[PDB]
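Here the protein sequences come in this chain order: Q and 0.
Position one of the first sequence corresponds to residue 1 (the authors' numbering), numbered consecutively onward.
FYI, the numbering for the second sequence is 3 to 173, 179 to 215, 222 to 351, 355 to 434, 446 to 539, 543 to 565, going by the authors' numbering.
Ideal Cβ placement from N, Cα and C applies to all residues, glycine included.
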Amino acid sequence: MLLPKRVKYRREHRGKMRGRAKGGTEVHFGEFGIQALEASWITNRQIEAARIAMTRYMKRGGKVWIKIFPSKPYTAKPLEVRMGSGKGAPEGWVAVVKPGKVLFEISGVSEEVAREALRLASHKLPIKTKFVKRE
Amino acid sequence: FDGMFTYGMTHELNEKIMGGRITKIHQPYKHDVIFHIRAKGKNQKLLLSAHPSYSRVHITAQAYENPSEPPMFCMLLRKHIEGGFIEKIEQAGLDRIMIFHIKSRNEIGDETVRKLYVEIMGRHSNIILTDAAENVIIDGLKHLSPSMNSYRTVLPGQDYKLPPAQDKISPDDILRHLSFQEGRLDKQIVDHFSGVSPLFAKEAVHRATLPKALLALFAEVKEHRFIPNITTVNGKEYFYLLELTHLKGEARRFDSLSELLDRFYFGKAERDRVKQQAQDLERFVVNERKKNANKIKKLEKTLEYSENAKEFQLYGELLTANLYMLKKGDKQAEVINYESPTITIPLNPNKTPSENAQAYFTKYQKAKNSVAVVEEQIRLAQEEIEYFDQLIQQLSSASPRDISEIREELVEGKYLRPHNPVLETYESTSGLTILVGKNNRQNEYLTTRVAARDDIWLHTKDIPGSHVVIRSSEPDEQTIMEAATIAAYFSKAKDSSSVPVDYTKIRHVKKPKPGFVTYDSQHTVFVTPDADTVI
RNA sequence: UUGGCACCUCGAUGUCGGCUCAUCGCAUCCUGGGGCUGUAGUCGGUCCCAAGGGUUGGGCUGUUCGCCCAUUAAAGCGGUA
RNA sequence: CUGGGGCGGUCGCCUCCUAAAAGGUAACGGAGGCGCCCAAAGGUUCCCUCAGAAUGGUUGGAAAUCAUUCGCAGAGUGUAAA
RNA sequence: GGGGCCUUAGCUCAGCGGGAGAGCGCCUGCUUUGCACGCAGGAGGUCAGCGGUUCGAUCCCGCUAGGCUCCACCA
């Protein structure tokens, strides 16, 4: 469960997703990447689920260069409650996206292994993506 | 056990120490109270204890200690007792309550008098400041809340009580009321007199009618000469005030109780930790040795029964051979061992000749694997047995540093749990120096860390001992004979001469596993010995 | 179902459960017909096509639900204020 | 006041973000502060300038003080924020 | 229904990544005019389970499980 250990404000305004990825849209710390075609709000539990998936398919698989960090928190009020009475309480964390953004690079392991590992990684996920590699 | 010894002490210190304003009180050690008193108008020392082994009032040797952090116990002492005058040094009759009439021209000027009963009871004694006018405890040591059956309690609010004393005579005399044919008599001394311990009792039984000897040896106590000794008789160290009654051992004459118990016991006291450990480990190497010897003969006992493999294995081979005269639906067979017995086997109808042949091979390899597993288990077990015997081989020569060293060896064996301390050496009778491999690890340090290769080495040939080396000294006739001799009389076979130690170049000295080393390519030298040359 | 909004109804929309009458759906409870099986058979398990018909009687509790006894081939799950 | 009421919470003032680059803009939105303080913490004249880091070196010590170069600036600016 | 605490020795519990331990209790021998013992020890262990963590986990992470404990308005 990726975390920021320290925060300024426990809470935020929620945010939006328009446009496209500023940077990190291409594999250059690793060899064989995966990138977005969409965007959403994402959990460290999900990304580490993919981690364990790929690293068990590969069993130590190479090296990654993860591109992201779940900086954003989100709240979740208690249950069967009405509106108002102040903002809800912080619940977990969130990792945000823009399309064209790369999430995981890979290196040290064969391209075909990469393809299938990231297949099993991708099928976890709510989004549409594709494989990439370095220029 | 009772207070004739204690009352002699009481009188011989009452002669001395009366006339004392209590000056200082010192205790870091848990139950060793150091006092200074203005006794005989002198700043005069004293030691006290009620430790569950140690209790004595001791015009002592060099005192140990000054805490600068005394217990709140000692602060109650400095509160009530310090500045206290010794009116008198009295016995509560004869049982071991040594009364101390503590007057005090205290910080006021009032003459606050109290008792300080010390129930000197050896192991479980109790120094008790009993407020005399009220007979109330104001600070005590041993509890019995009365959470269970017995009688009295510490608490400094608890009113003081005397534990129930017993029908002691406090002295032919036996013939009037009793009989000395009552039975075994030392137990009955214990039952019946206040001149008691079971040992002091039986020694009195040997001091041999008898009650004249009793009251006249008390008259010797009244002479108050009693040249003390510690009779080391079979290690029993009877600290006994006239020279030994009986059992005829030693007599270590301490002219002073000052040195009698402290410098002896304190000399023992560290060693008494060493002997706690040594005797725990005595009982425990005894255990683990006999323990696993039992469990492994038990392994063998359970083992001998079943093989159930090659029977039906060879017949599975037979059916594989005669795999063209078979039905799946038979029990019996017809057989030749290429030998020709014609066994008619069981063959399990509704199951094929193949199926039952390879099932015979299955049970074959199965019993094979089970028994081979159990036999490598038992091989581990036998190497473990002689590993106990090897541990013991070294242990019979082990010193207390080797006790700790083998406690480390058994952390290594996983069996125990408690810095360069390699090994030691001795003066050979031939004016040389022989390195004494005194343990497994001490042998590693004396041979594998210290000694040189192609040297003269030696180990006790099947005797419980330690190893030795004339390291980088090619042991000649004299040197090799002297080294083999030191081994031959340092082993547990020290009575057996001709200890045939194999010596040669240490280059061939094997090493393995772990602790599995050997001295091979070596010619044996049979030796006997004396002892004191080693030093 | 538990819930959120406060949108019709406060110049009135009777609210639980039960009886009688029911009746629509079917992700089927039994019965029809299938394929898979780690389905020997017999019983089974899984999934599919299938709503034509059918899907008990009582003790406890106001109850519902649930429990219990004995059945049945089975004693379904929802809607309709 | 109240996303029915009730409990609870708040009720006035100030700083910020929400606030959509003039300004303004609500919610039982998000966050912090006040019911003061200095008679020198003022007015004026004159003066020089930091925060930390490195080096070195008593007690000095990781850390007092210290020279030492680095050093718009990391400190200070009575007080929250800006 | 939700929140908080907790599962380690037969009992009570600490330990809180690189060695599973204190005491109560059972067993072993010491010995004890308080029958009180104490002594030394010894055995006695799924650190509740699963998963991840790490080079390795009682310990770090998440989940589940339970046990406890606190709090849960009007039709």
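Local Cβ density within 10 Å of residue i, reported as buried at 16 or more and exposed below that
{"i": "residue 456 (chain 0)", "result": "buried"}
{"i": "residue 9 (chain Q)", "result": "exposed"}
{"i": "residue 34 (chain 0)", "result": "buried"}
{"i": "residue 232 (chain 0)", "result": "exposed"}
{"i": "residue 318 (chain 0)", "result": "exposed"}
{"i": "residue 136 (chain Q)", "result": "Outside the modelled stretch of chain Q, which goes from 1 to 135, sits residue 136 (chain Q), for which no answer is possible."}
{"i": "residue 296 (chain 0)", "result": "exposed"}
{"i": "residue 376 (chain 0)", "result": "buried"}
{"i": "residue 129 (chain Q)", "result": "buried"}
{"i": "residue 137 (chain Q)", "result": "Outside the modelled stretch of chain Q, which goes from 1 to 135, sits residue 137 (chain Q), for which no answer is possible."}
{"i": "residue 41 (chain 0)", "result": "buried"}
{"i": "residue 158 (chain 0)", "result": "exposed"}
Close-in-space but distant-in-sequence residues of the same chain around residue i (CB under 6 Å, 5 per side omitted)
{"i": "residue 89 (chain Q)", "result": "75"}
{"i": "residue 538 (chain 0)", "result": "547"}
{"i": "residue 193 (chain 0)", "result": "205, 208, 209 and 212"}
{"i": "residue 30 (chain 0)", "result": "67 and 69"}
{"i": "residue 250 (chain 0)", "result": "243"}
{"i": "residue 4 (chain 0)", "result": "201 and 203"}
{"i": "residue 341 (chain 0)", "result": "368"}
{"i": "residue 137 (chain 0)", "result": "162"}
{"i": "residue 1 (chain Q)", "result": "44"}
Host beta strand (DSSP E) of residue i (start-end)
{"i": "residue 554 (chain 0)", "result": "553–557"}
{"i": "residue 26 (chain 0)", "result": "23–28"}
{"i": "residue 495 (chain 0)", "result": "494–497"}
{"i": "residue 129 (chain Q)", "result": "129–133"}
{"i": "residue 462 (chain 0)", "result": "460–464"}
{"i": "residue 45 (chain 0)", "result": "44–50"}
{"i": "residue 102 (chain Q)", "result": "102–104"}
{"i": "residue 106 (chain 0)", "result": "100–106"}
{"i": "residue 61 (chain Q)", "result": "Element bounds for residue 61 (chain Q): n/a, residue is neither H nor E."}
Beta-carbon contacts of residue i that lie in its chain and below 8 Å, excluding the five residues immediately before and after
{"i": "residue 7 (chain 0)", "result": "207 and 254"}
{"i": "residue 47 (chain 0)", "result": "36, 37, 38, 61, 62 and 65"}
{"i": "residue 273 (chain 0)", "result": "241, 243, 252 and 267"}
Spatially closest choice to residue i from the options, by CA coordinates
{"i": "residue 492 (chain 0)", "options": "392 (chain 0), 463 (chain 0), 317 (chain 0) and 230 (chain 0)", "result": "463 (chain 0)"}
{"i": "residue 77 (chain Q)", "options": "66 (chain Q), 68 (chain Q), 27 (chain Q) and 92 (chain Q)", "result": "92 (chain Q)"}
{"i": "residue 109 (chain 0)", "options": "81 (chain 0), 471 (chain 0) and 4 (chain 0)", "result": "81 (chain 0)"}
{"i": "residue 406 (chain 0)", "options": "366 (chain 0), 391 (chain 0) and 486 (chain 0)", "result": "486 (chain 0)"}
{"i": "residue 200 (chain 0)", "options": "428 (chain 0), 214 (chain 0), 535 (chain 0) and 170 (chain 0)", "result": "170 (chain 0)"}
{"i": "residue 396 (chain 0)", "options": "366 (chain 0), 312 (chain 0), 450 (chain 0) and 480 (chain 0)", "result": "312 (chain 0)"}
{"i": "residue 27 (chain 0)", "options": "483 (chain 0), 10 (chain 0) and 49 (chain 0)", "result": "49 (chain 0)"}
{"i": "residue 145 (chain 0)", "options": "302 (chain 0), 131 (chain 0) and 160 (chain 0)", "result": "160 (chain 0)"}
{"i": "residue 21 (chain Q)", "options": "38 (chain Q), 114 (chain Q), 79 (chain Q) and 135 (chain Q)", "result": "38 (chain Q)"}
{"i": "residue 126 (chain Q)", "options": "107 (chain Q), 15 (chain Q), 41 (chain Q) and 14 (chain Q)", "result": "41 (chain Q)"}
{"i": "residue 124 (chain 0)", "options": "101 (chain 0), 97 (chain 0) and 138 (chain 0)", "result": "97 (chain 0)"}
{"i": "residue 293 (chain 0)", "options": "420 (chain 0), 248 (chain 0) and 307 (chain 0)", "result": "420 (chain 0)"}
{"i": "residue 44 (chain Q)", "options": "4 (chain Q), 34 (chain Q) and 24 (chain Q)", "result": "4 (chain Q)"}
{"i": "residue 372 (chain 0)", "options": "329 (chain 0), 481 (chain 0), 564 (chain 0) and 359 (chain 0)", "result": "329 (chain 0)"}
{"i": "residue 21 (chain 0)", "options": "59 (chain 0), 288 (chain 0) and 102 (chain 0)", "result": "102 (chain 0)"}
Endpoints, the alpha helix (DSSP H) within which residue i is located
{"i": "residue 13 (chain 0)", "result": "6–19"}
{"i": "residue 527 (chain 0)", "result": "No alpha helix (DSSP H) holds residue 527 (chain 0); the beta strand (DSSP E) holding it covers 526–530."}
{"i": "residue 67 (chain Q)", "result": "It is not in any alpha helix (DSSP H) - residue 67 (chain Q) carries neither H nor E in the DSSP assignment."}
{"i": "residue 119 (chain Q)", "result": "111–122"}
{"i": "residue 353 (chain 0)", "result": "Because residue 353 (chain 0) lies between 351 and 355, and chain 0 jumps straight from the first to the second, it has no atoms in this structure."}
{"i": "residue 197 (chain 0)", "result": "192–199"}
{"i": "residue 244 (chain 0)", "result": "Per DSSP, residue 244 (chain 0) belongs to no alpha helix (DSSP H); it is in the beta strand (DSSP E), 242–244."}
{"i": "residue 6 (chain Q)", "result": "Taken as a continuous stretch (DSSP letters only), residue 6 (chain Q) belongs to no alpha helix (DSSP H), as it is neither H nor E."}
Close Cβ partners of residue i (< 7 Å) along its chain, the five nearest in sequence each way excluded
{"i": "residue 83 (chain Q)", "result": "none"}
{"i": "residue 511 (chain 0)", "result": "485, 526, 528, 555 and 557"}
{"i": "residue 119 (chain 0)", "result": "94, 99, 101, 130 and 132"}
Whole-Å CB distance - residue i paired with residue j, under 8 Å assumed
{"i": "residue 24 (chain 0)", "j": "residue 83 (chain 0)", "result": "5 Å"}
{"i": "residue 336 (chain 0)", "j": "residue 369 (chain 0)", "result": "6 Å"}
{"i": "residue 417 (chain 0)", "j": "residue 449 (chain 0)", "result": "At roughly 11 Å, the Cβ-Cβ gap does not stay under 8 Å, so residue 417 (chain 0) and residue 449 (chain 0) are not in contact."}
{"i": "residue 124 (chain Q)", "j": "residue 36 (chain Q)", "result": "14 Å between Cβ atoms; not a contact."}
{"i": "residue 27 (chain Q)", "j": "residue 132 (chain Q)", "result": "6 Å"}
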